[PDB]
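According to the authors' numbering, the residues represented by the sequence shown are 1 to 165, in order.
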Amino acid sequence: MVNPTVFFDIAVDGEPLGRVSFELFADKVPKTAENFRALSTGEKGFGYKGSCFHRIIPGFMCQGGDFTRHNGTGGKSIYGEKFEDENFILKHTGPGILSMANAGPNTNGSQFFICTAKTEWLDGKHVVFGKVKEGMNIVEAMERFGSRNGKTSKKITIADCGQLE
Ligand SMILES: Cn1nnc(CN(Cc2ccc(N)cc2)C(=O)NCC(=O)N2CCC[C@@H]2c2ccccc2Br)n1
């Protein structure tokens, strides 16, 4: 009946920065939304708490969710190491969009990105499953620690995360 909301509390070299919350589009991409919800709560015994944003390209996006290898080579879903592209209904319409990173068709795990620009070239090959609800300003503050090749100048972490309400 109503889409779930999750939060990240972000820190920069261990110092609190602020809270980002996300609406998850369970009404359109239930399986993909549920994966991200569950990794956010930690209810399977693993998830996003303590993981880093390993690649931030200002004017493009912030990428994270690699809680196994910390560098963009890892992660897993709650269904198995990988799961399918659920659908490509939703498009990358502008800043704030939450979408799955991948390495080929039907290779989703835990890695995700938050768009800081419209990224229409990703439509139809990356599954869009949510958007930033509050704290887009905190995403903009994070983005400033990225660089052209994505390497971050300070360590950007999910200090805490879970489900709101
Ligand atoms: C060097 N490196 N840093 N991170 C990665 C991770 N990665 C591959 C990958 C994704 C998900 C799983 N489960 C396993 C692997 C990746 O960034 N794939 C591309 C991708 O998903 N995206 C989404 C937005 C940014 C990035 C991208 C997509 C398309 C063009 C450029 C770029 Br950069 N690899």
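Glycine included, C-beta positions come from ideal geometry on N, C-alpha and C.
**Message:** What ranges does the alpha helix (DSSP H) occupy inside the region 27 to 59, keeping only unbroken runs of at least 4 residues that lie completely in it?
**Reply:** 30 to 41
**Message:** Does the region 80 to 92 come into contact with the region 31 to 48, if we say contact requires no fewer than three beta-carbon pairs (one atom in each stretch) closer than 8 angstroms?
**Reply:** yes
**Request:** Verify the contact flag: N35, CB atom, against every heavy atom of ligand 2, threshold strictly below 7 angstroms.
**Result:** With respect to small molecules bound, the structure shown includes ligand 1 and not ligand 2.
**Item:** CB contact flag (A38, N3, <8 angstroms)
**Value:** no
**Message:** Taking DSSP's pairing of strands, which residues face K131 in a bridge?
**Reply:** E23 and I97
**Asked** What beta strand (DSSP E) runs, 3 residues minimum, are completely inside the region 69 to 118?
**Response** 97 to 100 and 112 to 115
**Request:** Report the three-state DSSP secondary structure of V139 (helix, strand or coil).
**Result:** helix
**Item:** Pick from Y79, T93 and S99 that is closest to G65, judged by C-alpha positions
**Value:** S99
**Asked** Terminal residues of the continuous beta strand (DSSP E) containing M1?
**Response** Note, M1: premise wrong, no beta strand (DSSP E); not H, not E.
**Item:** Assigned exposure category for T157 - 16 Cβ within 10 Å defines buried
**Value:** buried
**Element boundaries [beta strand (DSSP E), containing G162]** = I156 to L164
**Request:** Look at the Cβ atom of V6, then the Cβ atom of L164, and state whether they are nearer than 8 angstroms.
**Result:** yes
**Prompt:** Using 8 angstroms as the Cβ pair cut-off and three pairs as the minimum, do the region 94 to 110 and the region 73 to 84 touch?
**Reply:** yes
**Close beta carbons around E134, own chain, < 8 angstroms, minus the five adjacent residues each side** = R19, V20 and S21
**Prompt:** Got a sec? Which residues, its chain only, sit under 6 angstroms from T119 by beta carbon, not counting five neighbours each side?
**Reply:** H92
**Asked** Does at least one heavy atom of ligand 1 sit under 7 angstroms from the Cβ of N102?
**Response** yes
**Message:** Between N108 and ligand 1, is there a pair consisting of the residue's CB and a ligand heavy atom that are separated by less than 7 angstroms?
**Reply:** yes
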